[PDB]
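1. enclosed are the sequence and the experimentally obtained structure.
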Amino acid sequence: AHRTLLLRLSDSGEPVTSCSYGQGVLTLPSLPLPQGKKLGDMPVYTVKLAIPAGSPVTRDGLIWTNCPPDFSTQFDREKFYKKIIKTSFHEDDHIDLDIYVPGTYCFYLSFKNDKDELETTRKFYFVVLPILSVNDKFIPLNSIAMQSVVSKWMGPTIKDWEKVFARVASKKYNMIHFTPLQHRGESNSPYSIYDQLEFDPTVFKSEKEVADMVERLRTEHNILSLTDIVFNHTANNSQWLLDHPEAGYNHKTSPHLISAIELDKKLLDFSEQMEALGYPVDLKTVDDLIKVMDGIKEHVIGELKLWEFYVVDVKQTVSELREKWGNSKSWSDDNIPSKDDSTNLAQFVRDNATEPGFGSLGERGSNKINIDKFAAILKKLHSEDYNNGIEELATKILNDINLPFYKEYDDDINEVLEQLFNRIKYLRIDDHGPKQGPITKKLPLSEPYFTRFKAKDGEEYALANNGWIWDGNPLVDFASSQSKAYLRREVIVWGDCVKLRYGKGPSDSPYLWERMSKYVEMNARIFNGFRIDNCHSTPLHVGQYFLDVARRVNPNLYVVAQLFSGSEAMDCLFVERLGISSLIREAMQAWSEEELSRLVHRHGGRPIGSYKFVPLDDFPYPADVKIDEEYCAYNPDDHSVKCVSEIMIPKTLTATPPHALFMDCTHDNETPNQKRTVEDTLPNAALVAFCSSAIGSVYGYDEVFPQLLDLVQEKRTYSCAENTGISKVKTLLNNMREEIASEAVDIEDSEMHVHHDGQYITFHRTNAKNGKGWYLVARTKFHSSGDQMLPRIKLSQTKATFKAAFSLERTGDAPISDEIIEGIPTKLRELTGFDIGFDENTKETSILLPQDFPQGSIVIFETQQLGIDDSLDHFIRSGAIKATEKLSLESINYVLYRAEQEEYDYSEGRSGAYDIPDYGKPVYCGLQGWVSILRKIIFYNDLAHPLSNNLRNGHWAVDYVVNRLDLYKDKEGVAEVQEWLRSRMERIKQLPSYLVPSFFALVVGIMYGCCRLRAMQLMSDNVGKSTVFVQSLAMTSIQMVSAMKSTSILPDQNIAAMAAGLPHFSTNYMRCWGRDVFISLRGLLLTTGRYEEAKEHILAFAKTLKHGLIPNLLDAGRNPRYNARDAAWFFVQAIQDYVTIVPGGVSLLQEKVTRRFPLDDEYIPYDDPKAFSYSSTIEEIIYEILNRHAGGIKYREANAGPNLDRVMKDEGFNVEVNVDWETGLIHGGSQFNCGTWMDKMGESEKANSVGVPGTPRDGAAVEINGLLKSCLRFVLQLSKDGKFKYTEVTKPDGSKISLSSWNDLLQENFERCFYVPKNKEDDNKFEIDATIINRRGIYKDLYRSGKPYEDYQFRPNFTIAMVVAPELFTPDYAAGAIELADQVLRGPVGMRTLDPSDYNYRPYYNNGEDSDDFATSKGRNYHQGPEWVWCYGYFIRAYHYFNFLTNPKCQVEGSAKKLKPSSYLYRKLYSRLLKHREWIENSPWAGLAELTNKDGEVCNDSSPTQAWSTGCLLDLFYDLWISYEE
Ligand SMILES: OC[C@H]1O[C@H](O[C@H]2[C@H](O)[C@@H](O)[C@@H](O[C@H]3[C@H](O)[C@@H](O)[C@@H](O[C@H]4[C@H](O)[C@@H](O)[C@@H](O[C@H]5[C@H](O)[C@@H](O)[C@@H](O)O[C@@H]5CO)O[C@@H]4CO)O[C@@H]3CO)O[C@@H]2CO)[C@H](O)[C@@H](O)[C@@H]1O
Ligand SMILES: OC[C@H]1O[C@H](O[C@H]2[C@H](O)[C@@H](O)[C@@H](O[C@H]3[C@H](O)[C@@H](O)[C@@H](O[C@H]4[C@H](O)[C@@H](O)[C@@H](O[C@H]5[C@H](O)[C@@H](O)[C@@H](O)O[C@@H]5CO)O[C@@H]4CO)O[C@@H]3CO)O[C@@H]2CO)[C@H](O)[C@@H](O)[C@@H]1O
Ligand SMILES: OC[C@H]1O[C@H](O[C@H]2[C@H](O)[C@@H](O)[C@@H](O[C@H]3[C@H](O)[C@@H](O)[C@@H](O[C@H]4[C@H](O)[C@@H](O)[C@@H](O)O[C@@H]4CO)O[C@@H]3CO)O[C@@H]2CO)[C@H](O)[C@@H](O)[C@@H]1O
Ligand SMILES: OC[C@H]1O[C@H](O[C@H]2[C@H](O)[C@@H](O)[C@@H](O[C@H]3[C@H](O)[C@@H](O)[C@@H](O)O[C@@H]3CO)O[C@@H]2CO)[C@H](O)[C@@H](O)[C@@H]1O
């Protein structure tokens, strides 16, 4: 059953995090395998990659990964495997990587540049954890309890070990970590290994004997077993080092050390003969150690000769100049700085006349001049004859060259001295650690830094032995030639053990890499896992290759690291690549009480009432995605990784931080006896145990041992003394955690609260699904620090239960035995007097501690939050699908959207939108409003948000959500949605205040997704199966199309009517504009499948016609206004678009409507007998337009004067349109008029612009005539098929033209009248004036308008003509124009309404301005540089069409040897839509704006969601879809 999760990639192929859980790693769920299935029967998991559509990374895209294809193909980390990415511009690709076996896995993408070179992404790793299991018992990785045992304090039979096993076993540890149990070195450290291939002889003969022992623990005590593995060193005494001295760092491999080796041999040479000189045998004073210090300087620094290791031997160089003088002739070049530049020159000699390896460390005297090249320089520079003070001048240069080399040697040797001051004064004088043993064979001053021996190959050698460095970047091998640590004495040295030089790979040390392979394999097949000692100082590549080896031998290997690299950032990288399962943490490192309350809070779990992830509005809802109809898919034995909802988007795969294994105390930790008090052994151990994480403990901690046990010098066995110290209490803690084990799986599940108060720590450990808590009061004994009274503890809507209490008390001191290691004497006495008090009216629990509660104590309560059971979880995640089942694309508006005024309109003034205290109102009353706010909130777990606050401050939002819908209750399927939301909301309100933010988020998020999946399902497939960006655009339809009370499109009914934009054009006499509806209709209604709707709109506006054209503003068709020339044509174009797209849509034409105005252009009878009086087929309405225009229109706007328009001058009101029969084109309007969409009628007083419009667009508007062309074309093509029945047009004289002629008329005259050619000579043919011009290569915005130059302005309107009727345009001419637009008119999200070069380019729309600026005052600007967004939609459609005809490299050989666009062109289209993708992600409303200000700046007056802004971008998608997608 279902075991997939979904890893969204970005545009750059980077993974996408679903939640901020902070610096993490992509680890997959630690579940067991589904019931029955063994490893390799099936994918363990499957990571779905989801690549976004049209992203750069999909251009010759490819996904490379090293997950093997099948269960048989071994993993090799280097072998990759290809997967082709399917490009769509609409449709995101998805690629499944099946994982068959656990480990670590990367993938990258290869793809093609915009240089057409081949680029790679980084690698992106992800981990699959082992299934730890003991019998038929799955051990989740948070129920590990690991007891570190040291092999050599368990006594000499495997029998006496089985007792130590029994004792841990009874405290219910399930994992034992052994420190290595191999043949030990000479020092007898378990970390100093004599032979990694053989197990300790004292105990085991064979490996069988150890594997069988470990297999006892498994069956005998239910215990899994780790080993320490040691990668960085073997022991001084190993006699494979005789046989392979190359494995370490010596004269041959690491030659830089040659200086450091000589220093070391000449320091144990000293302590020998130091006896015969000065008085430093044994000392106790800083001013008779300074006596040894100068004794050093003389006999060892001095005796290795001013350090020929750094510096040039000037005396040698010079006298070999005198002998080889006269040999490299001269130096011919000009490259020598004059002798005056003492420095510049010496730097020149360094570069040009030195032997390779200059400025190195290595050999005794290996920093050499090229004598002969030097001579040359000197000859050229000074004199050919040596005897003109060359000997001199050569020494000067040579010395200047040695100046940084000598300061290098001095910096180095001061740091040698100070390092030897501070480790003879630590090793031989008490500071923190006295150890005053004077000199020996085996106790000199200098720690042996190198191990010294004659090899089997006969030669002497000296391998560097390993250590650590106080404040060093740990990732930088200090034995490498990068660092001088062995020479500078910066190493803290385990003379015990020898450092192992792995290489770049096995080539550099091949014998080594084989032993370590033989070693790692051997342990891997015995043990369930490893503990990697000192991981951060083991080069990644080494760690990776050897863990891979093991994990080949044992797929379910468990790996635990001691790892502090520099950053969390790094520790993630190591975990990533090595497949580390667990990072180790130490409680004993906490200095104070607070330092511990903090550690505990890192490894606690998430806040109480933390937000829960849902997919919201940044996902694609495939119309065809699975549904889990009442959340019943997941079957408990199948171990299915579950989706959040009914709708089956998978569980996202996000970075979570690496898994922690918290040690109450490690085997390198000073004991609570030492660092605090034995009494703290309890509360410290409980605190840790109460974390949500694995835990462990060293043997003896629970047993209350006194001193940390020295790994080397210790001799004895562990006591057989059963049930000592804390045993009873771990048994309880471990058995308790086991009960919890089953339940909490994922990071979101176990929440918590931690509180430090003085010496008390308080740890609430909740489960977030079901409400079970555990509460712990731990009173620490950091010190014996007196009497403190913790205050009345208060829980909310919670119940409490005493579970246990204890106090650890010191009975006296530790016994003292030569051959047995024992505990401190300790009582563990049970406690009482804890007063639990539940207030039946607050529902508050108060907890009072008795005064008998000595530091060193615990009380555990079990808790249970009130209002949560197992039941809740499911009920919240179900039936949201069946609620929405009755929704329409109208009714979805009501549930989701509804701008505030849209909601005052339904509620006659009293309802509106919810004011969140200290935030303000959301934007839609409906769910979108909330989702827009919640999303960032869920992402950041912001429980501080004003919404988060108000949501527990009370339940008012909860109820607002369910009560809004009273208004829209009768609308289809809203009722049922509301009732889903009431039931879930009702139930939520039975929760503790503090859980209501979390659950309200989820309850909304769920119904929002259901609601949105329901939208894609009812819309067309082209929308249904596309990208987010597109659905997002598509939904904007559902914002705009809803029914009202104050308005409609039919006048007797109120139905679904399309608004121009929210919230400025949504209500009363202002929602519908003929212009806006019909520019939108294709995008929002047709592209999307809402054909039935489109029809209702077309027919509803049809009714309105008069003056042979269609009205601007439509009062649901009753007293509309005809100040609009634009409209009729945009209308007719939609009629075409409909007949084209709708199946059998031709039949629209025969559809009758009530004409609700008479056939002459008679005055307004609103509701006479003369309204529903006579009818009209859409057929004879199209005709009606063409014919009326043909024969001239002329009219004084019905009902003129201040009333119908407050600003229109008297002159303007009466309007004209007349067809110039010389060209066939429509001229009209006047200089006091705005028939076009660029219709600001200037209003300001102080700037003097009243009744004087800013963009009259009289005469031949470009769009209008392009639209006329389209219309003629279409009706002709229709005449041809019986559907239109007209060729008829009477002209204002009486004469009659074939519609077919009119078509042929424009077809020749249009481009002529409108084009402005690039070449000044072609002007003849194209009708113009040179001095009244701006640019060229334009198609002008107007022909013969009221003012000369307003024709010749570059403006984004011609693009409309180019889309609707491209036959008018000679390809190459248009492609040049549309390309200038792209560099000049195209803003980042909208199209500049005027050429920036122009004198009256003022690109900031400020509709408030009361100024004396004729341009800017009261928004005259609107259409003069402001960047409109529907304009981009025409621009981009057009830009694609003509780059696909015109340009060769925009095309390619498609399906069926016919042409389709190339990746190159899509790339350019995609790029010009990124700022729209982003705009819509980050609008608080779904959509794109009306209108932007100069270069993308947000225009505060712009309606922030416009209808046509997205309708026109939907068009483009539909083109690419219909045009090329089969
Ligand atoms: O110049 C370098 C160094 O030398 C001199 O300091 C000496 C110290 O004063 C001396 O005590 C000795 O350190 C002891 C130490 O007393 C003892 O506690 C234990 O060391 C602890 C460290 O105290 C502790 O910080 C921790 O170290 C971490 C380290 O912080 C972490 O970043 C990472 O690198 O891992 C380290 C541990 O692996 O744990 C260690 C024990 O593991 O043992 C030490 C050795 O006996 O060290 C110096 C003499 O050798 C200079 O005076 C001083 O400027 C510098 O500290
Ligand atoms: O009872 C019916 C109704 O009749 C009369 O209405 C008339 C208007 O009062 C009258 O001014 C005229 O309207 C024209 C207007 O002159 C013209 O400028 C244009 O309107 C533009 C705005 O100028 C423009 O700024 C923009 O306004 C947005 C603004 O960007 C936004 O920030 C926010 O403030 O909202 C505004 C929209 O509400 O866009 C509009 C329209 O696109 O076009 C108008 C008509 O074409 O003609 C009206 C005809 O009915 C009465 O005066 C009125 O009181 C009565 O209710
Ligand atoms: O051959 C006899 C040698 O005697 C001397 O060496 C001593 C050192 O001076 C001590 O410092 C000590 O080193 C221990 C170390 O104290 C202990 O913590 C442990 O460290 C592990 C550690 O647990 C692990 O996390 C990782 O860091 O690896 C370490 C293993 O190195 O073990 C250290 C080594 O035993 O003991 C040594 C050995 O007695 C003297 O300096 C030598 O020159 C001399 O040869
Ligand atoms: O001061 C306002 C100014 O506006 C009107 O002139 C217009 C020009 O006709 C128009 O072409 C444009 O001028 C550009 C030139 O044509 C072009 O050759 C090049 O030189 O750049 C000019 C930059 O504007 O500018 C204005 C419209 O904004 C009006 O007719 C003038 O009388 C009036 O003085």
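-> Thanks, I have it. Numbers count the residues shown, from 1 in each chain. Ligands and ions are numbered 1, 2, ... in the order given.

2. so which residues of the stretch 1351-1500 of the chain form helices?
-> All helices of the stretch 1351-1500 of the chain, identified by DSSP state H, counting those that start in this stretch, fall at 1358-1364, 1371-1384, 1430-1446, 1463-1471, 1474-1481.

3. include distance to residue 23 and mean neighbour count when you put those into a markdown table, please.
-> No exception for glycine: its C-beta is placed from N, CA and C like everyone else's. What follows is those, written out as a markdown table (distance: least, CB to CB, whole Å; neighbours: other CB atoms under 10 Å):
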| stretch | distance to residue 23 | mean neighbour count |
| --- | --- | --- |
| helix 1358-1364 | 48 | 27 |
| helix 1371-1384 | 42 | 18 |
| helix 1430-1446 | 40 | 24 |
| helix 1463-1471 | 32 | 18 |
| helix 1474-1481 | 24 | 18 |
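
4. so which of those helices comes closest to ligand 3?
-> Checking the helices of the stretch 1351-1500 of the chain against ligand 3 by CB to the nearest ligand atom gives helix 1474-1481 as the closest, at 48.9 Å.

5. contacts for that closest one?
-> Contact with helix 1474-1481 is made by 618, 1029, 1032-1033, 1388-1389, 1429, 1432, 1486-1489, 1496, 1513, as judged by CB atoms under 8 Å, 6 or more residues apart in numbering.

6. name the nearest of those residues relative to ligand 3.
-> residue 618 (45.9 Å).

7. how deep is whatever residue of the stretch 801-950 of the chain ends up closest to ligand 1 tucked in, by neighbour count?
-> Across the stretch 801-950 of the chain, the shortest distance to ligand 1 (CB to the nearest ligand atom) belongs to residue 821, at 21.7 Å. Neighbours of residue 821 under the rule other CB atoms under 10 Å: 21.

8. before we move on, what about residue 854?
-> By other CB under 10 Å, 15 other residues sit near residue 854.

9. please apply the same query to residue 624.
-> Around residue 624 there are 10 residues (other CB under 10 Å).

10. which other helices and strands contact the longest strand seen in the chain?
-> Determined from DSSP state E, the single longest strand within the chain is strand 798-810. Packing partners of strand 798-810 (3 or more CB pairs under 8 Å, 6 or more residues apart in numbering; DSSP states H and E): helix 681-689, strand 772-779, strand 826-830, strand 835-839, strand 844-848, strand 857-865.

11. beyond that strand, next helix or strand please.
-> strand 820-821 (DSSP states H and E).

12. and residue 695, what is it in contact with?
-> Per CB under 8 Å, 6+ apart, neighbours of residue 695: 144-146, 661-664, 688-689.

13. so residue 952 sits in a strand?
-> No: under the criterion used here (DSSP: H, G, I helix; E, B strand; the rest coil), residue 952 is helix, not part of a strand.

14. quick check, the biggest helix by length in the chain touching ligand 3?
-> For the chain, the helix reaching the highest residue count under DSSP state H is reported as helix 390-427. No: figure legend: helix 390-427 not in contact with ligand 3 (CB under 6 Å from any ligand atom); closest approach 8.3 Å.

15. quick one: buried residues of that helix?
-> Across helix 390-427, burial judged by 16 or more other CB atoms under 10 Å covers 390, 394-395, 397-398, 400-402, 405, 408-409, 412-413, 416, 419-421, 423-424, 427.

16. note down every partner strand of the helix or strand that it is followed by and its orientation.
-> Counting by DSSP H and E, the next helix or strand C-terminal to helix 390-427 is strand 450-454. Strand 450-454 has these partner strands in its sheet, going by DSSP bridges: strand 460-468 (antiparallel).

17. now the strand it pairs with: how far from the chain's centre is it?
-> Centroid separation for strand 460-468 versus its chain: 45 Å, with CA atoms, centre = their mean, to the nearest Å.

18. how about that strand: buried residues?
-> For strand 460-468, the neighbour count (16+ other CB under 10 Å) marks 461-467 as buried.

19. one more: stretch 627-642?
-> Applying 16+ other CB under 10 Å to stretch 627-642 flags 628, 631, 633, 638-642 as buried.

20. residues making contact with that stretch?
-> The contact list for stretch 627-642 (CB under 8 Å, 6+ apart) reads 1-5, 29, 31-35, 45, 643, 645-648, 650-651, 874, 877-879, 881-882.

21. which of those are buried, as a PyMOL select command?
-> To isolate the buried subset of those in PyMOL, counting by 16+ other CB under 10 Å, use the following:
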select buried, resi 2+3+4+5+29+31+33+34+45+643+645+646+647+648+650+651+877+878+879+881
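
22. out of the contacts of stretch 627-642, list just those in strands.
-> Judged by DSSP E, the subset of those located in strands is 4-5, 45, 651.

23. pick out the residue of the stretch 951-1100 of the chain closest to ligand 2.
-> residue 1064 (3.6 Å).

24. surely that residue touches residue 1500?
-> No: here residue 1064 lies out of contact with residue 1500, judged by CB atoms under 8 Å, at a distance of 11.7 Å.

25. for the closest residue to ligand 1 within the chain, helix, strand, or coil?
-> At 3.4 Å from ligand 1, residue 470 is the closest residue in the chain, using CB to the nearest ligand atom. The three-state label given to residue 470 by three-state DSSP is coil.

26. which residues does it contact?
-> So residue 470 contacts 490, 492 (CB under 8 Å, 6+ apart).

27. tell me how far it lies from ligand 2.
-> Separation of residue 470 from ligand 2 (CB to the nearest ligand atom, to the nearest Å): 66 Å.
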